[PDB]
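FYI, side chains are in, hydrogens and waters are out, and symmetry mates aren't considered; it's all heavy atoms of this structure. The sequence lines fix the lettering, A, B, ..., with proteins before strands; numbering per chain opens at 1.
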Amino acid sequence: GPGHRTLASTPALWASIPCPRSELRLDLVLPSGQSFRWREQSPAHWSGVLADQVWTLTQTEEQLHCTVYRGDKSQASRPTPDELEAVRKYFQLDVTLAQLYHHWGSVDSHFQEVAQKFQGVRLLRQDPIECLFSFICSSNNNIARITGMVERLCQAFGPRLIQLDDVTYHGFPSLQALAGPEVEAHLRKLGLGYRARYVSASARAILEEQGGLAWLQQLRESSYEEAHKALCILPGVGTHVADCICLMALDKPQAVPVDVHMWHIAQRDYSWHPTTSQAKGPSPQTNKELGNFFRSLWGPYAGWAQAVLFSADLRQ
DNA sequence: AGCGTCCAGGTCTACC
DNA sequence: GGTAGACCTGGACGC
Ligand SMILES: [Mg+2]
Ligand code: NA
């Protein structure tokens, strides 16, 4: 297919959004386990599917530059203002990250130290269905393997969009495409392990028991506590996966995922231990208490502070 | 030399 | 509700 674009080579095809590097670092966000579907196909340029089309993104010191491949056999052109608005919404640029970093650092000297080296880590606003099934794939697993799982799931069950160079881009599958009893066996062939059943059973539960796709919008409109409880009915969704979906797709900025990294960060970097349980190791009660500890420390956007520490912990 | 253990964005099941 | 251990997969890497 046609080439993945670079800004300096094809300037007529790009348009900018005001966005300083203090507000966003693509290299610290897009490969860090929020979305699994972006790749640095040219140095400093990240390509992936965003609002149903492929985009490439790159940045200068003060701007986020964007290019879109419409794949409808139309003539190439720069993104329009209306298309750029989808990118601005995906990066939630109405939230001023530099102010949150100052708040978090004022209450937490450890955060302040890490933040100095990890500027521009913000939270993507993701599609609920993509986020749900990506995080079902994430449990007891590592980011490189999760990334492959998600790519193979999309290639097998999602619509083909376009090919750039030798990369064929697919959209994320629908609920219906993931729900049939033949799907688990295919996802097992694709190496999803025991999560193959969780993916297909969760798609069937949403369609057959929760009222279909509108349930995810209902959870976006519900409180954090209500949304988190509701997601936990799904096979493969426990309190951590539910917190990931709440934070990253359901607009719950105080949701704090607690995985292996955040548990070890609490112990190593905060000397924290639970005080609501005599036994101190990970457990439902202690993982719950740890989420509450980080909310109490960082405030109503505690999940966003978690994303900074998580991204940094991947690099150490 | 390469096997085998540890480990990774945890959840489920069984049992008390 | 608390506790404990199994669990698909494959890269890191000690022995
Ligand atoms: Mg569940
Ligand atoms: Na609903």
Establish, for the pair A:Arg122 and A:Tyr101, whether the NZ or CZ atom is under 6.0 angstrom from the six-membered ring centre and no further than 45 degrees off its axis.
->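 Verdict for A:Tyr101: no cation-pi partner in A:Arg122.
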Is the closest side-chain donor-acceptor distance between A:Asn142 and A:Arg145 under 3.5 Å?
->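 Their side chains do not contain a donor-acceptor pair, so the 3.5 Å distance test is not met.
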Check whether the side chains of A:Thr80 and A:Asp82 place a donor and an acceptor atom closer than 3.5 Å, and report yes or no.
->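 No pair is found: no donor N or O on one side chain lies under 3.5 Å from an acceptor on the other.
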May I ask you to say whether A:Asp27 pairs ionically with A:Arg25, meaning some side-chain N is under 4.0 Å from a carboxylate O?
->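 Looking at A:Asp27 and A:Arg25, the cut-off is met.
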In terms of side-chain geometry, is the basic nitrogen of A:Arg70 or A:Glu83 positioned less than 4.0 Å from the acidic oxygen of its partner?
->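 Salt bridge between A:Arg70 and A:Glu83, a charged N being under 4.0 Å from a carboxylate O: yes.
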Distance in angstrom units between [X] [atom1] and [N] [atom2], rounded:
X	N	atom1	atom2	value
A:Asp313	B:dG9	CG	P	9 Å
A:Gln285	C:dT3	CD	P	9 Å
A:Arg195	C:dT9	CZ	P	9 Å
A:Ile143	C:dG11	CD1	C1'	14 Å
A:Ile245	B:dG9	CD1	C1'	12 Å
A:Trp263	B:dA8	CH2	P	14 Å
A:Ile265	B:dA8	CD1	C1'	14 Å
A:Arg152	C:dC8	CZ	P	16 Å

Check: C:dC8 base within 3.5 Å donor-acceptor of A:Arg145 side chain =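 Side chain to base: pair present.
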Sub-4.5 Å side-chain heavy-atom contact between A:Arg78 and A:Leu13 |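 The answer is no, as the side chains (C-beta and beyond) never meet within the 4.5 Å cut-off.
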Any side-chain heavy atom of A:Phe91 within less than 4.5 Å of one from A:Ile17?
->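 No, side chains not in contact.
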Using a 4.0 Å heavy-atom cut-off, does [X] contact any base of the nucleic acid, only the sugar-phosphate backbone, or nothing at all?
X	result
A:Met149	nothing
A:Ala279	sugar-phosphate
A:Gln306	base

Trace of the side-chain hydrogen bond (donor to acceptor under 3.5 Å, both in side chains) decision for A:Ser200 with A:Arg204 | CA-CA 6 Å; A:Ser200 182; A:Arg204 282 196 294 279; 2.7 Å; yes
Rounded [atom1] spacing from [N] to [M] in Å:
N	M	atom1	value
C:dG5	B:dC6	P	15 Å
C:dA6	B:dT5	P	14 Å
B:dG9	C:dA4	P	25 Å
C:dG10	B:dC12	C1'	22 Å

Are the six-ring centres of B:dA8 and B:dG9 nearer than 5.5 Å, with the two ring planes set at an angle smaller than 30°?
->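 As far as the 5.5 Å and 30° test goes, B:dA8 does not stack onto B:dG9.
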Range-with-range stems of DNA chain B (Watson-Crick or G-U pairs under 3.5 Å, three or more in a row) |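 Stems for DNA chain B, defined as runs of 3 or more consecutive pairs: B:2-8 with C:9-15, B:10-16 with C:1-7.
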If you measure from the ring centre of A:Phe310 to the centre of the six-membered ring in the base of B:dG9, is it under 5.5 Å, with the planes under 30° apart?
->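 A stacking contact exists, since A:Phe310 sits close and nearly parallel to the base ring of B:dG9.
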For A:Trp298, all residues meeting side-chain hydrogen bond (donor to acceptor under 3.5 Å, both in side chains), sequence neighbours excluded =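 A:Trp298: side-chain hydrogen bond (donor to acceptor under 3.5 Å, both in side chains) contacts with A:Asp108.
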State which residue, out of A:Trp272, A:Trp304, A:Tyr270, fulfils the ring-ring contact (aromatic ring centres under 6.0 Å, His included) condition with A:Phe294.
->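 That would be A:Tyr270; it is the only one of A:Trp272, A:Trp304, A:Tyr270 passing the ring-ring contact (aromatic ring centres under 6.0 Å, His included) with A:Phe294.
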Sequence-aligned protein contact record of nucleotides 10-16 of chain B, with B where the base is within under 4.0 Å of a protein heavy atom and S where only the sugar-phosphate is | BSS----
